[PDB]
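Scroll down for the structure; my scribbles are underneath it.
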Amino acid sequence: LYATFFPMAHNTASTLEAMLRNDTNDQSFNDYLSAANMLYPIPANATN
Amino acid sequence: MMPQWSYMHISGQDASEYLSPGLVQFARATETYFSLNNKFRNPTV
Amino acid sequence: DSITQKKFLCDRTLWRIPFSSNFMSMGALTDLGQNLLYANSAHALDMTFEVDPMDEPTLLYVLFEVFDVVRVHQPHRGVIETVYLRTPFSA
Amino acid sequence: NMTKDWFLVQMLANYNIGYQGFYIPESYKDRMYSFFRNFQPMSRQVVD
């Protein structure tokens, strides 16, 4: 597993950390496709 | 459904409004060399 | 003497039917998605698809578009708490 | 055969890309004499 870290100044990283540990500053994301996926069978030669 | 919507940022304010003023300040300041934009969602209603 | 045949092809895309009063994109959270009619009470849904027949088993792939979100909380060193929410169609 | 170090340095030096993921740079910034536009990795097999 590889991971690259921005060589951020330690006093700066510390400040950012403190701010980000606040629930108010919680990060949040959404899945791009954003959907419930469903598959329904269509027997051969079926039309409806 | 307002409660869950706001908390999950599906509705309500945008990051520049709900993030602490300090973070927003820091964000703008370092935007050029270290971005935080994609980490906070901004609802569109 | 000839006969004309017309058809179309539309690969690599998905047919879309937005739940918007005018079918337009005016925001992620659609206007109909905010209608009290779909908030204060539940409803059943029926869909019927008519398709060209194919001499082999196939599948109807329906994407129900919703919000699939997560809020992450890191209160202390080595701690990660997540709140997941998917609506409609909640887990 | 290019190293992780070197790839990182060239992506940063040319596009500031590297500390927050690797991805194809905007074409307006990936000009004719830029690194990515000209980077061509290759492989082949020969009898042992």
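FYI the Cβ positions are ideal-geometry reconstructions off the backbone, even for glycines, and counts take in every protein chain you see. Read-outs: derived from the displayed coordinates by stated rules, not from any lab.
Shape analysis of the protein assembly as shown places it in the oblate category; the axes a ≥ b ≥ c from the Cα gyration tensor give an a/c of at least 1.5, with a/b not above b/c. Restricted to Cα atoms, chain B shows a radius of gyration and a Dmax of 11.8, 38 angstrom.
Each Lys and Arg Cβ is given +1 and each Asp and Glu Cβ -1; about its Cα centre, chain C then shows a dipole of about 580 debye.
Principal-axis analysis of the Cα atoms of chain D puts helix D:4-15 at an angle of about 30° to the longest axis.
Relative to the longest principal axis of the Cα atoms of chain A, the long axis of helix A:10-20 makes an angle of roughly 50 degrees. The separation of the range C:50-71 from chain B, counted between C-alpha centres, amounts to 33 Å.
On the beta carbon distance between D:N1 and D:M32, with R0 = 22 Å, the FRET formula returns roughly 0.35.
Using only alpha carbon pairs under 8 Å that are at least six residues apart, calculate the relative contact order of chain B and give it in whole percent.
Numbers: 27 pairs, mean separation 22.9, N = 45.
Averaging sequence separation for qualifying contacts and normalising by length gives 51 percent for chain B.
Annotation: amide H of A:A35 within the under-5 Å range of C:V66, sequence separation 5 or more or interchain, hydrogens built in the peptide plane. Its Kirkwood hydrodynamic radius, worked out from the mean inverse distance over all distinct Cα pairs, puts chain C at 18.3 Å. Among B:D14, C:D11, A:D26, C:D68, the ranking by other beta carbons within 10 Å of each residue's beta carbon, starting with the fewest, stands as C:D11, B:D14, C:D68, A:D26. Rounded to the nearest Hz, the phi-derived 3J(HN,Hα) couplings of the range C:76-91 under the Karplus curve 6.51 cos²θ - 1.76 cosθ + 1.60 (θ = phi - 60°) are 9, 3, x, 10, 9, 10, 10, 10, 9, 8, 9, 8, x, 6, 5, 4, where x marks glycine and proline.
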